[PDB]
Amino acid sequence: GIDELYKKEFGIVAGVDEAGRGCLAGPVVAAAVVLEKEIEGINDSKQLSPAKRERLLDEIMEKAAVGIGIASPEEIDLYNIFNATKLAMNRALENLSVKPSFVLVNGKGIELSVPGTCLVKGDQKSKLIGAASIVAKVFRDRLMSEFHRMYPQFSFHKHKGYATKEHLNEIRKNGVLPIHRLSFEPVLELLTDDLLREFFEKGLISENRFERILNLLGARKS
């Protein structure tokens, strides 16, 4: 209903949502979705089991136009998680072949390159947002599972990079990676000067990133 009201006043409306904000590693992912057919059981990604998201997605990729955007750990560290989130969302809109005239964005305080309105608890007031939320979450979880294959010593396929007990265990035993968000507190506290310079020297992080984290490290514990 909410969507339809907006659909009638503005025309083609996309719903936008993001996954991965609170993570310690990996990109933030956003999805933009325009959907005209119905998909029963569309609802905030959190109130669904992984398996339900799985099949709810299959249907989405068949009945809807979808654009996916990501912002990297480097961009998070340089721009901050909020600006990086808006970047990913704008990238999602760009990758949507159906160019919307209005956007329904999950949350608060976000102005994208397309006029729109933000909705607190948006992923459950709106089907479009609810569907984007599923797309982002599953797509991101795939990304993290595939980080598991790249860094066997990290159960990214389970904790999806969040600050779980085992993830921190893993960081302490194995070391911070370049895919960790080096500006995030628990990562920063385990990082050392030595390791940072090592990242840079091996070409694992850009000079700009190196410089910003070096200064944060300097300001640390103060």
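Numbers follow the displayed sequence, beginning with 1.
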{"query": "Residue range whose averaged C-alpha B-factor is higher in the record, 201-209 or 7-15", "finding": "7-15"}
{"query": "Average Cα temperature factor in the PDB entry - higher stretch of 54-62, 23-31", "finding": "54-62"}
{"query": "Criterion, highest CA B-factor; candidates, 82, 147, 139, 102", "finding": "147"}
{"query": "Residue with highest C-alpha B-factor in the PDB entry, from 178, 41, 186, 69", "finding": "41"}
{"query": "Modelled-residue ranking by C-alpha temperature factor, third containing residue 117", "finding": "middle"}
{"query": "Chain third (lowest, middle, highest) by recorded CA B-factor, residue given as residue 108", "finding": "middle"}
{"query": "Among modelled residues of the same chain, the CA temperature factor third for residue 93", "finding": "middle"}
{"query": "CA B-factor placement of residue 219, once the chain's modelled residues are sorted into thirds", "finding": "middle"}
{"query": "Where the record places residue 160 (Cα B-factor, split into thirds across the chain)", "finding": "lowest"}
